[PDB]
């Protein structure tokens, strides 16, 4: 943290943050969500980290260079250490990225190495070559070199993501799946794990071996797993929680801007809320059915009437304000809802869905006041505009993500937040073989468009191709876009250091401080 001159710091530097749900895991190679990343950034540090405004900045690597955007060399600071006092070296990164790539790990984020295009990743993921063929090498203890199969000018931007953080080989090999328990874990971030009681709390304490420890102010941070937004607000207002999670309750929000304006933070966020359709499950493998659902959803009612929290009605997957996005607004978005509704009814009727044979399907959502209130509104809208029957089903977070990867769903509430600010952070997830493809969408035309983005060497052609890939997605009606999120949360007046300026919301508790109160 960088404490301003004149600020008086509380004597007690502790923080309690709501984190939306129980984390899937603490192992950086097994996580895929925002709640998991929130804790991960405090415990494990990679090559680059974000500064308080969101810019990629030195983490374990103090400086890096590239040759033709294909060979990237990271110079690691010599005082980086793990919490047991041992040095963080380039060998840790070699081991870690090979473990990520290895099929035996089964990382849900294995494809992140394809997004960066590290040499040999495709063969490694396919079982054709061993993980030791990965194009990374330690030139010495402080020098990590990465070789890509193509020039990727934004490669370094990917490096702030948890799946490319290091894991300590000696703990992983000795304890297997229990390496993340408090007595076994070893960490290299500003904090270390003190306690983990499932469905109750996660408590982290400052890690004195952290290379930037002299600047860390908060000594202890607790993450809670409350998935009720209404309950998070109540415990915030009772004084128990200093920073809520950033999902806001329909029930109370508007009340809060009125009652506690200086505590409500509302900033741009690169995430999109949508209904994910299982594209390989009949009858959702018919484009007419997917298009009808997309058209009959009335976004004005949902965004402006039902939620009304500052979100923008969406017409694409990638948010239009992502760096490099120059998207074409589809013509259906400009139509009236009455025309969208008639066209949707026509399409469903062509699909064989009568009034004696109405389409019936489930809508799966992860436990939450917000998602439940929204799923109920969306089921009504669809019932009324299409005569469709929808059965609502809630699952806890870890189970919900699992169900989506397994394909045992019809339609699901979904939301994707960028991992780096560039349109491929969204678009790479719809690639046929992506480990993040939960829509189970498979399009050779789509895959080709994305592949062509690295064969050109100028931003305009790239941006044009990103726009055509969004159009392909929209033509196939792979998903149902609903709104582009805003990052809305409550933060006590005595929490310093949270700017709200990073659109990826990569907060690090090492940057915060408590003002005396």
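For clarity, a rigid core is taken as the largest C-alpha set superposing within 1.5 Å between two forms. Residue numbers count along the first chain shown, from 1.
A.B. asks: On a core superposition, give the stretch, 305-313 or 396-404, with the larger average C-alpha separation from this form in 9 other deposited structures of this protein (RMS over structures and residues).
C.D. replies: Most displaced of the pair in 9 other deposited structures of this protein: 396-404.
A.B. asks: Find the stretch among 479-487 and 35-43 with the larger RMS C-alpha deviation in 9 other deposited structures of this protein, all structures being superposed on the shown form by the rigid core.
C.D. replies: After the core superposition, the stretch with higher RMS deviation in 9 other deposited structures of this protein is 479-487.
A.B. asks: Pick between 449-457 and 488-496: the one whose mean CA B-factor in the entry is higher.
C.D. replies: The recorded data point to 449-457.
A.B. asks: State which stretch shows the higher mean Cα B factor in the entry: 287-295 or 198-206.
C.D. replies: Per the PDB entry, the higher value belongs to 287-295.
A.B. asks: Quiz for you: based on the deposited Cα B-factor, which of 124, 303, 148, 113 is highest?
C.D. replies: Comparing C-alpha B-factors across 124, 303, 148, 113, the maximum falls on 303.
A.B. asks: For the CA B factor values reported in this entry, which option in 219, 254, 432, 316 has the top one?
C.D. replies: That would be 254, according to the entry.
A.B. asks: Hey, what third does residue 153 fall into on Cα B-factor, ranked over its chain?
C.D. replies: Middle third of the chain for residue 153's C-alpha B-factor.
A.B. asks: Classify residue 63 as lowest, middle or highest third according to the C-alpha B-factor given in the PDB entry, relative to its own chain.
C.D. replies: Tercile = middle for this residue's CA B-factor.
A.B. asks: Where does the C-alpha B-factor of residue 276 rank in its chain, lowest, middle or highest third?
C.D. replies: Bottom third by C-alpha B-factor.
A.B. asks: Ranked by Cα temperature factor within the chain, is residue 9 in the lowest third, the middle third or the highest third?
C.D. replies: Within its chain, residue 9 is a highest-third residue by C-alpha B-factor, going by the deposited values.
A.B. asks: Considering every modelled residue of the chain and its Cα B-factor in the PDB entry, is residue 324 in the lowest, middle or highest third?
C.D. replies: It belongs to the lowest third of the chain when residues are ordered by C-alpha B-factor.
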